[PDB]
Every structure is written in structure tokens, then in C-alpha cells.
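Shown below, as C-alpha cells, is a lone chain in the form deposited in one PDB entry; questions about how it binds or moves come after it.
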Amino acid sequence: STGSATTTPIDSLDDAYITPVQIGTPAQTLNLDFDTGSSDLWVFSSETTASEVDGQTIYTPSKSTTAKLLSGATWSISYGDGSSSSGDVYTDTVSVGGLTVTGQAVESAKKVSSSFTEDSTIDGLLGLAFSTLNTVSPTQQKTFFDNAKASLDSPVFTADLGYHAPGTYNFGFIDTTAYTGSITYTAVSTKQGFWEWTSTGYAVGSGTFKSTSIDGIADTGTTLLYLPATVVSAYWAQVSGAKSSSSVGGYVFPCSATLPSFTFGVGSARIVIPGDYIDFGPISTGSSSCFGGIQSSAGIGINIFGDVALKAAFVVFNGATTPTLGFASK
């Protein structure tokens, strides 16, 4: 079996992508953020503190004939600014683009962090990292992908994110019409629970390619591209007037500048990120300073190939016994 679903940017800057997901019987459709950097499927629900719900579609387990409370199970995900989302756990039927899984753990949020409340277009997250990162206690739960693996024609899912345009998440098959050339596969380390891989180097604009190993994670749930400070400094040195701003918290550049492309290596292949993809617009309404899509990972501790990088490619998440990541131009 297979599944295919359209994913849509939530705003004009491609800050995140939402994908419709059917939960329960009869179906309750929620728009979820598909996140390969986490492993929890959590949703706004009728149990969420009412003051923390601002426009989101909520999941109502009492209206689903197939929902079952998972007795004593709780969940808690921590965020980098001290806030957290948490709640209880149900099991229910979950379908993505025609692909149905029964008995999927659905984590109902009892409280959410303020940043989720502020964003009314995201009804929850669907985690697609490895199940060892799932936070359900005392009994850890499997991801949607892990539960679907046996039913899929092939144990893969692919991410084809659009630039200012809709894209596609496919489960169980590789659409050979969605990319050009060949797919280059690279080894994945699962030791930290992420889709972690090693890029073979980078280039700025039309400059010389720099052979150097960059270990990082493919994370559809992160907007920007976070790379080591040496790489990021080399990129923004080619943009006249760009500088790192402490008040803003990253590199900014004059909005009238034209940005150079950024190339990253996948084995012997090269993925080119057009310069326009790195422009994330004015730091404030009316400002002539613009925020950059390539930022330093020094404060984070891990390099992150976020949406900025992934939407330049057709990306294969191969969940075979030995997992691999595939990149192709498109």
C-alpha cells in the first residue's frame, strides 16, 4: 500500500508546511506539521486549556468511535526556551493521503507552549524521526511511519517541499517523475534518533567547492539552515552590508542585496540552493534589513538541514533495516 498527501506552506515565507491528516472515526481532519526531527504525533484537542487555543482545529476523542484512552500514559516535549507541551495519550485510526494505520498513538495536548498557540494554522505535529525519541511514558510509542512500515510497498517516504508553492509527501513509493537525474544515497546514523548524515562539503555562489565533512540532520520541522560558524561566515562575507546582529539574533542583510546560491555536497553529487531561497524578508514591517536563511549552529550544538535546504531537493527517507537518505535534483 501507499499514501500521498499535498503539503502547503503556512505563509508567504515558507516558515512551515502543513499536511491534512484524518484522525478517528468518522474522520476528523487536522492540518499537521510533518517533522522529521521529532517522533511524537500530538494534536490540539478538546482537552487543551481553552485559553491556549486560538483558531486551531481540535481533535475530540469523545466523538471518535475508535478512540481509546491509553491508561496512565503521559507525554511531554521540552522546547529550547523552557516551555513545553504535554498531555495524555489516545490510540485511534490515522490516515495520511489514503494510507491508514490502526492503533496509532495520538497524543492529546493538555497544555501547549505559547508559540504554538500564536500560530493558528498548525493543529499539531506528526513526528517522523526514529521511535527511540518518542516521549510517551511509561510505555514508549511508535511513529506513524514505524506503524505503517509493514504495509508499505517499500519502507520509504519522500519529501518534495515547494518554494512558495505546494509540495508532496509520499509514503511507500518513489515517484520517478518528481526529480531529475539520479538519486544519490548517503549513510544515516540513528545513534541520536535523528535522520543524521554527513555532507561532503559546500560552495558559496560560483566559488570553489570546499571538501569538508558536515555532520547534520535532515529536519523538515526546522525552517532555516544551521551550519558551522566557519561556513556561515564564508557565505555572508559575499553579501555586501551583511552582518551578524545580536539584537536580531543572527545574520541580516540589506533587503536590496541579491543573494548568492549555496551548494552542499551529497557524496559526489551537488545540491544547489538558489539565493532567493535564503531571503526571509524584513526583520520587521517596513524595515530595510532582511533576515537570512543560513544561520550559525554554534548556539544549537547540532547542524540542521532544514526546509531551506530540503526544498531545493527531492529527498528520500529510506527506512530499510540499514536506513539511508537519498537526494536528487528537481
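Only residues modelled in both forms are compared. Whichever C-alpha set is largest while still superposing within 1.5 Å between the two forms counts as the rigid core. Numbers follow the displayed sequence, beginning with 1.
- Higher mean CA temperature factor between 53-61 and 36-44: 53-61, per the PDB entry.
- The stretch 71-79 shows the higher mean C-alpha B-factor when 71-79 is compared against 224-232 in the entry.
- You'll see in the entry that, of 125, 237, 203, 248, the Cα B factor peaks at 248.
- Across the residues 213, 95, 184, 158, the deposited record lists the maximum Cα B factor for 213.
- Ranked by Cα temperature factor within the chain, residue 85 sits in the highest third according to the deposited record.
- Sort the modelled residues of the chain by CA B factor and residue 66 lands in the highest third.
- Ranked within its chain, residue 19 lands in the lowest third, by CA B factor from the PDB record.
- For residue 266, the recorded CA B-factor ranks within the middle third of the chain. Only modelled residues enter the ranking.
- When the modelled residues of the chain are ordered by C-alpha B-factor, residue 168 sits in the lowest third.
We do not show the form deposited with a small molecule bound, though everything after this point is about it.
- With a 4.5 Å cutoff on heavy atoms, residue 28 does not count as touching the small molecule in the deposited complex; it lies far away.
- Using a 4.5 angstroms limit between non-hydrogen atoms, residue 222 touches the small molecule in the deposited complex.
- Remark: residue 133 counts among the residues lining the small molecule in the deposited complex, judged by a heavy atom distance of 4.5 Å or less.
- A residue is said to contact a partner when one of its heavy atoms sits within 4.5 Å of a partner heavy atom; residue 179 fails this definition for the small molecule in the deposited complex, lying far away.
- Interface residue among 203, 105, 217, 159 relative to the small molecule in the deposited complex, by the heavy atom within 4.5 Å criterion: 217.
- With the core fitted between the shown form and the other one, just one of 115, 180, 192, 84 shows a Cα displacement of at least 2 Å, namely 84.
- Once the rigid core is aligned, the segment that moves between the shown form and the other one, defined as three or more consecutive common residues whose C-alpha shifts all reach 2 Å, runs 79-84 and is the only one.
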